[PDB]
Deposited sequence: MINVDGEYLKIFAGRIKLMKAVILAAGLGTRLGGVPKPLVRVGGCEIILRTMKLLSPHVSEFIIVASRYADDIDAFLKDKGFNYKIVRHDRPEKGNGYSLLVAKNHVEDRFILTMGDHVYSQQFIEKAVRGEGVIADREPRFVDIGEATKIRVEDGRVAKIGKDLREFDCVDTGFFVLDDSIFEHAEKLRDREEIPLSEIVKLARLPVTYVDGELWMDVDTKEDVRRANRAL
């Protein structure tokens, strides 16, 4: 894909080694041929991540905040002034395959899986899709078409919707996505998994 900025939410999860490599390192190594600069939104673990990433050959910036209780939606809002136009948004929770990354990188909006092969469908964030856009989202949906991977390809248009929730004690990414009525891109049955 055309080079773009990669926002990785890390507001310890990213440093957990899966298959002899960390949840963040894996993602960064995979995204590197598609990414200019890595914007890591971190908080309580910002120093640990920075110390880890210094000796690694990536072009990164740690963007720090003090409100982890505000949720990942606030962590997205924190990045507003470090990105312009199109950018990748992913999590430091999640583990991805090259095959998943390769397809998701080419996507638009929410990268959703309608064939979750590895993850438990009951515990996953589900999405109800209407006219190719997010109609409903959440871990306890009754009617759903797909499952939320921790992957998105967003534009500046997001921050307008994310602003409308600034005055809420907790800002879930899902609520922004819902308000934004984000287009959905399907990357089906590829290897991906969250760690908790």
query	finding
Chain regions without C-alpha coordinates, deposited sequence numbering	1-15, 27-35, 221-232
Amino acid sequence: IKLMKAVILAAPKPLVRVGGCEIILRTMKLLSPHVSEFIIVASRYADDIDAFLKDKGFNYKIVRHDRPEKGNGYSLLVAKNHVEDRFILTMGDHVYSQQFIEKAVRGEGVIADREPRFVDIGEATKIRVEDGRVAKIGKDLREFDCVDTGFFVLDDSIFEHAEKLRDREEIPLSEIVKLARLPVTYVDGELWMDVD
From here on, numbers count along this sequence of modelled residues.
{"query": "Between 63-71 and 31-39 (mean CA B-factor, as deposited), the higher", "finding": "63-71"}
{"query": "Which of 50-58 and 161-169 has higher mean CA B factor, as the PDB entry lists it", "finding": "161-169"}
{"query": "From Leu179, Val187, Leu25, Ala10, residue of greatest CA B-factor", "finding": "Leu179"}
{"query": "Third of the chain, ranked by Cα B-factor, where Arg86 sits", "finding": "highest"}
{"query": "Third of the chain, ranked by Cα B-factor, where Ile101 sits", "finding": "lowest"}
{"query": "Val153 - which third its CA temperature factor falls in, relative to the rest of the chain", "finding": "lowest"}
{"query": "Third of the chain, ranked by Cα B-factor, where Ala112 sits", "finding": "lowest"}
{"query": "CA B-factor placement of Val119, once the chain's modelled residues are sorted into thirds", "finding": "middle"}
